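Report on the structure given below.
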Amino acid sequence: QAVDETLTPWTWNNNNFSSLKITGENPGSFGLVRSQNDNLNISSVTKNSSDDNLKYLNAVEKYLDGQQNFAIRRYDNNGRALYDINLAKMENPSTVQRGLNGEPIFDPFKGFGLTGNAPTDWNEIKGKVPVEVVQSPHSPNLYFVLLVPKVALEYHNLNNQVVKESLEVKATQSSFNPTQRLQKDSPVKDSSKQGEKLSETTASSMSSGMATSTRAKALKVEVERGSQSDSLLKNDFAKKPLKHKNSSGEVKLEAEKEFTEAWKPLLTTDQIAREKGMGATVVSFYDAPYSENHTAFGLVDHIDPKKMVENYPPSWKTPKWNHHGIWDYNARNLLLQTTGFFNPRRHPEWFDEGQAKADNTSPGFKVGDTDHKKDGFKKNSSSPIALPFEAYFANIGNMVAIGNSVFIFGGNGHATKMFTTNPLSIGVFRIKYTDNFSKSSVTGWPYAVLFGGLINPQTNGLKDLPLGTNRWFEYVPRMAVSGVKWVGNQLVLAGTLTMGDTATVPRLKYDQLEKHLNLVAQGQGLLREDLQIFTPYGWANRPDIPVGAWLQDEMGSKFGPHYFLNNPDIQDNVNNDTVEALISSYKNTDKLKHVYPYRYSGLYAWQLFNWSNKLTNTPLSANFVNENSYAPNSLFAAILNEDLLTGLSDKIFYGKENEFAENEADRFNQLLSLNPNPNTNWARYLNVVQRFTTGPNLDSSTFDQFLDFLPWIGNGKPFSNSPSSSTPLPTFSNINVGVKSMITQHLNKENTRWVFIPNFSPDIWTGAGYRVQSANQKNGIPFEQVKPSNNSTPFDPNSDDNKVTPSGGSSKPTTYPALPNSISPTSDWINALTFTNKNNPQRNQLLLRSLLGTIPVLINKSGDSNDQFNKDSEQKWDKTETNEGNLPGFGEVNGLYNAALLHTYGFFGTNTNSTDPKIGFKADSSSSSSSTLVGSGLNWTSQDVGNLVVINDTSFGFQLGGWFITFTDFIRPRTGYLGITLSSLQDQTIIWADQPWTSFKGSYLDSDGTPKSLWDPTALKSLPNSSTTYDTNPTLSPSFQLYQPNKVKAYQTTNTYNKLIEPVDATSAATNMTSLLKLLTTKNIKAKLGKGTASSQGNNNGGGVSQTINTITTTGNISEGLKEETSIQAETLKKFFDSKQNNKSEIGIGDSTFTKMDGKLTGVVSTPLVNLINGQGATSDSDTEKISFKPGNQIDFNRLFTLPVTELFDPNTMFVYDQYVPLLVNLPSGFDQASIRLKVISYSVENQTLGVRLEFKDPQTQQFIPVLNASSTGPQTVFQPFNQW
């Protein structure tokens, strides 16, 4: 029961909790502790063939019960160990004897009463490990401790064959090729189903719509219930004229023939619930350090995953589907993009059967029927969203106690985060206690139903982000939770959050999947990449056009108005005549909707604005949710509603409104908002989030301007490269990039001299990759981007097809005269949302992944001999319009400039290496070009988030990858402050490590007031093996992604980017780019850069601690850089930052101060007075050495106890009167007796005894604290008049 000297403090990877700062009556720390012993040969247990995972894990737990020891030892206010609480060695533990009212009988000196019998489930809970301890805010001496199995600690060390990766390196006997596991072949017209294509309107109803268009008429989409049981009289949305290509079998998604070694969890959710010994459990136990019966347990409650799954929205029983239903399901299935809103093809973690259900087959609705009228009926489903082992144990961590209920918000998922899989916390577990912590109820709710109330007016940061949902919770937010803590009076949840997918929002045309391999993979789930890849050539004019309208123009000569290669240059006007003739004329009824002839088409920003779950000023208003990000692609900190969370009922009740439409007849007129059923309570959960933020309080191009300001941890140089004619250009921002152009000459060339730009001259920097007739005509480009289908002549405006006849027949062209001067991936246009490419959803992911330092780069030429990219004589920043600028314009990460990004990385030039790596992208003009995206060389992952440390009443922060990020201005934002302070890590070994996050050993707030993070550069976990014994071309790493090849036609010498850069079939290009594919593995990139091995050098062991930069009131002030008097906001911010490149400190960017500490770092134990690293360095309470109790023989009992115990103290406050204190406590001469008080805690008139606990005014912290040296026994003593017996 006493302190164990062989157990050292530690910290769990999932929550990084090491100690709980107990405050109040008995201040101290509940530090975790473990057996540091190595020699744990987990391979000693043999995993046989027929033995199942459950039996194997039971054997592993039995084995670890002997070789491992864990406990939660309590420390005094001075950091001195008191007792251990080794749950596996506590003999005859007993629950607390309770009264009828539920109060635990407690006498301060006799302690807690014991019933003598073990708490519930003790046999199956004794072996579990503690990972977290949380105090109650109200009930004294009451604690909860979170218990998990030892497997969840040893998960990574388990044998690979039972802990597999979603991607397989294979033996590579046939050379590496990233497209091998990708289905790529395109669908082809069905020659047996041609006649069921959507019918063009027989005659457009004029209905006084005088405007007349010779163009092709709209297609009819008629759906009506009819009366047939399982079929519809009309099912136009189901028209299915396409089919998969038949080559060596049908090319479609099917787990059986693809995922032979399918990824599957360790334990299904039902098995977690049933097997009590494998799930997390929290036991409420009472602790008293100075009492005889110091500790005793209360209730034991398993965190039942079924009590969580039962609160999933019903829409999540059928993830393959969505409120759109048949039409989008068909579109995705033919495009080889996996269907639904949360698909195991993209998120296999959350499904009991894992990848074995990873396809669109059996989607829960009838599909693929020989008769299209039959398709679209609800049927049996088999693959609902669940909570298997990995997601579950990502969801256990970061407890918080509120009122009579305790919440588990989950952790960052590193407990079970492998290289190619990303478990996260999907919702909030709650345990509610009744009748004063006597009985309890366990339940959980998903984050989706909690975050539905997000609306743009809340956040001060980026707008229109993909964080919205709707009456069907098809948006599945999950968090890698940094932690939950009270920042002052406001409860804060913080960490990283997965937006709705924004990469796959555009769709390819049905014949352009062989030349957009990166995008088709992103949609396929093979490429678990979240950033938006700029591949705009093959996008359909509209993602949401049913396949029944794809073949209306097969040849493409007419540029089918309803379906054509998306390109804004042929966008229709918005004139009243144009819309009246084209769109408004075809009035739609309850049983008829039209695919309008209006040539809808726009770039990435327009695509997202129309077809992403962007936030809106009202909740549940996101009609278009495509998918959910793979990894957390956005920082997120939200102020939660404490009272509402306490008050919500345990069990949720959805209804027909949340269900999907039963059949297409009801789906067609499916409203977005329906009155909730009277007896349902799902809506009540929507308003938990009081506020939220994702980054600095900046919007639009200001955000990208800041992104330029933040530096790259890999080498420290800014992404802008501003501090020095062919000089390097910034990557994100466009200011001083390219040439200024006047937006008043774009599109209609009307009413824009003062609407977009308050300045008198509305000149906008077109950025890199801009198109211009000539320097003399840089402002606006005329219609010379004519789109020819074949080589057959320009797009031919002024044609009868592309003209509209208003009232009277005064025909005119419907296409704009002049167009914006850029469609580059870095193209920004406040004046044309249809042409602009930079978007807030991209900007958030760019901030997160720039902080992480793993932004991919397009590469044409590796460092190999005869394949070298020369910085000099081959890169010309002054000629970004021409191929000499090397801007790919296809495959690049949207919103950034590939050459600038590479220069920052140093892939070419001596920026990162002493000698030029000669790695770069060349826009070849003499032949075809092939390219591939490769990682940054760093292996930080977005889930790398540490402790949530509260700095003060208004600011909080946490470690993020190699950065420490503090949300200075979230609780109480101040105008003009960016509201973020960033502190980079200085250790090169950690920055460039293969698995750096294994080195982070927790963060905490130091007494001096500056947060700090532990670092153990000797704790890095290398990759599982040295590639066995052969060269493994694909080597998995947390940042590794199967970036598919991209092949692009020769770049024009002149007017390179007038049109979209056309690609060609790149399926066979893999074998001709081995020297580039080899750069996919991060080790090879590091070797090229020189960071491959210990060659990084520097500190050899270098164990120490890093501290965030010192901050002041003026820190983070960019009010000068904000605001507008003579420029645009982005340009003035660029000027401001440029003027402060040598003073990044005052803007909140700097290198974290780091100090060396000898020996291993395993964790901290923090108590409100001081913080002990590894629990070393306890003191003797110097400030109260001369305060102690007078022993009994030195006290005259008659002098004191002649008066009664009642009037020796104040019963109304239980305080010993000041005049008598010196009579009992020894003090040095001249000591201020008023600074020390006695807190009576027990008395008995019948025995005239007095139990007293001492307190002392701490000069350091202005709070009364107990004196631990007051007696050999501690700060509590019993005074009686010689009647102790």
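Under the working numbering, the first residue of the sequence shown carries the number 1, and numbering increases by one thereafter.
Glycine included, each C-beta is placed from N, C-alpha and C at the ideal position.
| Query | Result |
| --- | --- |
| Chain-order list of residues whose beta-carbon lies under 8 Å from that of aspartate 1006 (same chain, five-residue window excluded) | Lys1012, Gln1107, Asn1171 |
| Continuous alpha helix (DSSP H) assignments of at least 4 residues falling wholly in the segment 539-582 | 576-579 |
| Limits of the unbroken beta strand (DSSP E) element including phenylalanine 636 | 634-640 |
| CA nearest to the CA of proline 856, picked from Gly525, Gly935, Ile105 | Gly935 |
| contact_flag[the segment 1083-1101, the segment 958-966] where n(CB pairs < 8 Å) is 3 or more | no |
| 6 Å Cβ shell around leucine 531 - same chain, five flanking residues per side excluded | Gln845, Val893 |
| Inter-stretch contact (C-beta, 8 Å, three-pair minimum) for the segment 367-380 and the segment 551-560 | no |
| is_contact[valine 772, chain D] using C-beta, thresh 8 Å | Of the protein chains in the structure, only one exists, and it is not chain D. |
| Cβ-heavy atom distance, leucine 615 to the ligand GTP, below 7 Å | Looking at this structure, you won't find the ligand GTP or any other ligand, since it has none at all. |
| Collapsed DSSP secondary structure at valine 367 in the structure displayed | coil |
| For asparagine 837, the residue or residues it bridges with in DSSP | Answer by DSSP bridge pairing: none, since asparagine 837 is not bridged. |
| Reduced DSSP category for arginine 34 - H, G, I as helix; E, B as strand; rest coil | strand |
| Nonlocal neighbours in the same chain, by C-beta distance under 6 Å from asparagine 16, ignoring five residues either side | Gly946, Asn947, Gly1002 |
| Span separating the alpha-carbon of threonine 910 from that of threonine 1115 | 33 Å |
| Rounded separation between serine 1075 and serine 862 - CA only | 6 Å |
| Best match in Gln1041, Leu454, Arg430 for proximity to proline 477 [C-alpha to C-alpha] | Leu454 |
| Range of the contiguous beta strand (DSSP E) that encloses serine 929 | 929-934 |
| Whether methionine 479 touches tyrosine 447 by CB criterion (8 Å) | yes |
| Alpha-carbon spacing of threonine 1249 relative to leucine 1238, whole angstroms | 15 Å |
| Segment limits, beta strand (DSSP E) that includes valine 1252 | 1249-1257 |
| In DSSP terms, what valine 689 is bridged to | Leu640 |
| Limits of the unbroken alpha helix (DSSP H) element including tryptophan 263 | It is not in any alpha helix (DSSP H) - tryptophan 263 carries neither H nor E in the DSSP assignment. |
| With 16 other Cβ atoms within 10 Å as the buried cut-off, status of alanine 775 | exposed |
| For residue 1292, the three-state DSSP class (helix, strand or coil) | This structure does not reach residue 1292, given that the chain is present from 1 up to 1285, and the question cannot be answered. |
| Counted within 10 angstroms of its Cβ, other Cβ atoms place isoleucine 1112 as buried (16 or more) or exposed | exposed |
| Secondary structure of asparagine 947, DSSP reduced to three states | strand |
| At least three beta-carbon pairs within less than 8 Å, the segment 264-274 to the segment 192-204 | no |
| For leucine 519, the first and last residue of its enclosing beta strand (DSSP E) | Element bounds for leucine 519: not the beta strand (DSSP E) but the alpha helix (DSSP H), 517-524. |
| Nearest-angstrom Cα separation, counted from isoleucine 42 out to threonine 11 | 20 Å |
| Close beta carbons around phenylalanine 176, own chain, < 7 Å, minus the five adjacent residues each side | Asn1033, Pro1034, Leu1077 |
| Close-in-space but distant-in-sequence residues of the same chain around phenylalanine 908 (CB under 8 Å, 5 per side omitted) | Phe869, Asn870, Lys871, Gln875, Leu902, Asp916, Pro917, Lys918, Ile919, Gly920 |
| Residue of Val1064, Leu982, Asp569 minimising C-alpha distance to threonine 1153 | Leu982 |
| Sufficient close CB pairs (3 or more, under 8 Å) joining the segment 700-711 to the segment 1126-1135 | yes |
| Inside the segment 89-157 only - beta strand (DSSP E) runs reaching at least 3 residues | 129-135, 142-148 |
| Collapsed DSSP secondary structure at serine 733 in the structure displayed | coil |
| Runs of beta strand (DSSP E) lying entirely within the segment 1120-1191, each at least 3 residues, in chain order | 1149-1151, 1153-1156, 1164-1166, 1171-1173 |
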